[PDB]
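Chemist: Could you have a look at this structure, given as structure tokens, before my questions?
Virtual Cβ from ideal backbone geometry, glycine too; neighbours counted across all protein chains shown. The numbers here are math on the coordinates, done by the rules we state, and not lab data.
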Amino acid sequence: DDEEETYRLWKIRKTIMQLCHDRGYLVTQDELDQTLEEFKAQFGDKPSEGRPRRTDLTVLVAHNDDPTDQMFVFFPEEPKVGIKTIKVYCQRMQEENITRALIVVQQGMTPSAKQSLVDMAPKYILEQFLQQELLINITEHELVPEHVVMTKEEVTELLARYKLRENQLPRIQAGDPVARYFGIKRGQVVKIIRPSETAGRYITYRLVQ
DNA sequence: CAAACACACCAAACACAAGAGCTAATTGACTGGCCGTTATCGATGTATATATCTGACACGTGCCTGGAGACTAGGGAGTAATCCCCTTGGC
């Protein structure tokens, strides 16, 4: 389809922009909530072998406080992305000092690809998202409360306040969709704020592991 | 072509099935070989009971020796007279 594909692309882009904004990267208040009309008028609304073709709508955004830190958002055309594509992406990334990135794959990448992805991990952080997982922004959902990634200093402050070993805090595996959304990694604590029906508000913490 | 992982399927197990409380009744091992005790069958008697034969005592029959009976023959023992030898007796 044409119209549906354009709608899907616009939704994916909006989701990614909201995600980057949540993480901390600075983004236009315009593109954060741009409707679909300007999207059509910008790209062409002819994804079917036309102007709005993938890999052309990628967006690079720099962090809020560290203008030196950016992250790509690729959109490979291969339904079953291989390793060669990620290989060339990483090579082309290597020219700049960028370290983080985000891959949007049509369909699930082959298992051989995940091995390569993790292999380059310490040097170039890159993670994957299925468009099917990006068509909706979970963090807005009624059930999913509000997360706040904590800085190391305050994590130490918390642990020293409650005299509690970080091993004793609750756990949240990295695979969790909220974790992958925020880009948290192992050994890092996420603050959770829930409306408590018996206490108004209740704040808890979860160490990723 | 060979090796990596992933998925679907097939095949194989684990553990659970509320808290308990009371009462009743069915099961009470068994062939066989073998040793160890003891009951039984058998020989090798010596003691007692009974049968055959021999010895001593008893009653009975008997062969043999000597004794006894009737009768006889014929002669031994024995009256009645006589002589006169011899004894007892005498002065």
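Chemist: With A:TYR7, A:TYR89 as the choices, which residue is in contact with a strand residue (DSSP E or B) (Cβ under 7 Å, 6 or more places away or on another chain), free of Cβ contacts under 8 Å to residues at least 40 places away in the same chain, part of a helix (DSSP H, G or I) and not acidic (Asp, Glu)?
Modeler: So the residue among A:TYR7, A:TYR89 that is in contact with a strand residue (DSSP E or B) (Cβ under 7 Å, 6 or more places away or on another chain), free of Cβ contacts under 8 Å to residues at least 40 places away in the same chain, part of a helix (DSSP H, G or I) and not acidic (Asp, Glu) is A:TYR89.
Chemist: Go through the range A:133-209 and tell me which strands (runs of 3 or more DSSP E), entirely inside it, have 1 or more residues that are among the small types (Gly, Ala, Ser).
Modeler: Answer list for the range A:133-209: A:189-196, A:200-208.
Chemist: Can you find even one residue in the range A:161-181 that is within 23 Å of A:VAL73 (Cβ to Cβ), surrounded by 16 or more Cβ atoms within 10 Å (Cβ to Cβ), touching a strand residue (DSSP E or B) at 6+ places or on another chain (Cβ under 9 Å) and among the small types (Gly, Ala, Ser)?
Modeler: The answer is yes; a qualifying residue exists.
Chemist: Hey, could you check the range A:107-132 for residues that are within 16 Å of DNA strand B (Cβ to nearest atom) and not in a helix (DSSP H, G or I) and say which is surrounded by the fewest Cβ atoms within 10 Å (Cβ to Cβ)?
Modeler: We begin by selecting, within the range A:107-132, every residue within 16 Å of DNA strand B (Cβ to nearest atom); these are A:107-119, A:128, A:130, A:132.
When the remaining residues are screened for being not in a helix (DSSP H, G or I), the result is A:107-110, A:128, A:130.
Details: A:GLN107: 12, A:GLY108: 14, A:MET109: 22, A:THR110: 14, A:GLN128: 19, A:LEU130: 14.
Among residues in the range A:107-132 that are within 16 Å of DNA strand B (Cβ to nearest atom) and not in a helix (DSSP H, G or I), the one surrounded by the fewest Cβ atoms within 10 Å (Cβ to Cβ) is A:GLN107.
Chemist: Let me ask something else. Would you tally the residues in the range A:38-70 being closer than 17 Å to A:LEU9 by Cα and either in contact with a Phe, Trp or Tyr (Cβ under 7 Å, 6 or more places away or on another chain) or outside any loop (DSSP other than H, G, I, E, B) (or both)? So that I can check it myself, show each step before the final result.
Modeler: Of the range A:38-70, the ones closer than 17 Å to A:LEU9 by Cα are A:38-60.
Retained after the next criterion (residues that are either in contact with a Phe, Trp or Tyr (Cβ under 7 Å, 6 or more places away or on another chain) or outside any loop (DSSP other than H, G, I, E, B) (or both)): A:38-43, A:51-52, A:54-55, A:57-58, A:60.
Going through the range A:38-70 one residue at a time, the tally reaches 13.
Chemist: Still on this structure, I have one more. Working carefully through the options A:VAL104, A:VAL73, A:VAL61, find the one that is away from DNA strand B (no atom under 16 Å from the Cβ), touching a helix residue (DSSP H, G or I) at 6+ places or on another chain (Cβ under 7 Å), in contact (Cβ under 8 Å) with a residue 60 or more places away in the chain and under 23 Å from A:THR28 (Cβ atoms). Break it down into steps so the answer makes sense when it comes.
Modeler: Working: A:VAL73 fails: in contact (Cβ under 8 Å) with a residue 60 or more places away in the chain; A:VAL61 fails: in contact (Cβ under 8 Å) with a residue 60 or more places away in the chain.
Matching residue, one of A:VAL104, A:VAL73, A:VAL61: A:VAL104.
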